[PDB]
Structures are given as structure tokens and as C-alpha cells.
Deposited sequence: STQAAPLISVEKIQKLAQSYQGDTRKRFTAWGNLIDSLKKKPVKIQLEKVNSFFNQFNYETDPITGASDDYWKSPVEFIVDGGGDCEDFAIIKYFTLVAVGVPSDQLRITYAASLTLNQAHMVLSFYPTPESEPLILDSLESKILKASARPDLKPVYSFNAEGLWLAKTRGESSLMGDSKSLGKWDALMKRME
């Protein structure tokens, strides 16, 4: 299971220049700063840090791109689509110490935008109502406070779950994690 580390990040930073180098350093500093902080603060600051990046959409559909970006690709590009935001938030939260089993990247139907939309769901317990970390809403809100989002499936490095796992049955995700190796 691919890992993000402050040490790998600091070395990436020195291979780039200008603002790109600064983004890597900032990402590494974020991870360092959030270790051993309250979970709520970790969620809030990873969410807000990444929500400042460039939000991309397909010019034709207005929705996400077919290609899923690794965290490094997101940083190099200076942003990505809703799926890419959720992915880097996920890996970064795992890096600061939120247990991966409490985090599920979630593919949902947006009932308001009439298109698919990806968010990161945080589960206090697996039976608990999840908190939604979104790229089109700054607040972290409970699922029942997001009736505009209807989950279809969710996944993380370990599993894949249908709404109502072997995440590698998700081809782009399998390939994504292999790029991170």
C-alpha cells in the first residue's frame, strides 16, 4: 500500500523549481504540522489546504476527467478534478495518522449538478454517519446535511464498497497506486 512521507516529499521539492517546489515544501510542512493533532483539526486543515488548488473540469461534460491523478501529479499540475482532490486529501490524511479504515473516497451522484461528483468521506466509526470533505463546499458536513450527494460506491487503498473489497478491481485506482510505488 503506497505511502506518502515527508522525507519523499522534501526530495521531490528539490527536483522542481519556483512555485512547484514551494507547493511540495508546503505539502510536506502540512503533514509534519498535523501529526499528533486532534482528528477534527487534521480533517479541517487537510481539507482547507487542498481546497485552495486549481479545480479542473472537462470543458465538454463539465464533469471529471477520465484520468486519475496521483498526489504527486496533483501537486505538479497545481490541481485537478474533484476525484483528484479527494485522492490527495485521502493520502495526506493517512500520512498524518488518520487510520485508513476511517477514510473512504466516495463517488456520488450530485442531485443538484446532475453529474457524478467525488468527495472524501470520514467515518468516526463504520456504523456512524460520515463527514464529507468536498472540493465544492468549504464546510465539513455530515452526510444527512448533504442531501445533494447520493453515494454510488466508495473505496480506499484496502477495499471497495458499493453503496446501499479489493480496490484493485478499480483499474485506474490500481494503476494509480502503482505509479506511487
#### Entry: Missing CA stretches, deposited numbering from 1, N-terminus first
1-4, 169-176
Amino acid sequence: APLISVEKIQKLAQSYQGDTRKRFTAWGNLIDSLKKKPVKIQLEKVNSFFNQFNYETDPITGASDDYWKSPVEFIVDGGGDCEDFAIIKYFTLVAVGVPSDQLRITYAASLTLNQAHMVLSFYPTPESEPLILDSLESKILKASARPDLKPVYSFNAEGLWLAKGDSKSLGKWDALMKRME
From here on, numbers count along this sequence of modelled residues.
### Task
Tell me which of 14-22 and 165-173 has the higher mean C-alpha B-factor in the deposited entry.
165-173
### Segment of higher mean CA temperature factor, 86-94 or 71-79
71-79
### Task
Choose from 120, 63, 143, 31 the residue with the greatest Cα B-factor as stated in the PDB record.
63
### Summary
residue 125: CA B-factor among chain residues, third -> lowest
### Message
By the recorded C-alpha temperature factor, relative to the other modelled residues in its chain, which third is residue 147 in?
### Response
middle
### Query
If you rank every modelled residue in this chain by C-alpha B factor, which third holds residue 47: lowest, middle or highest?
lowest
### Message
Quick check for you: using the entry's CA B-factors within this chain, is residue 112 in the lowest, middle or highest third?
### Response
highest
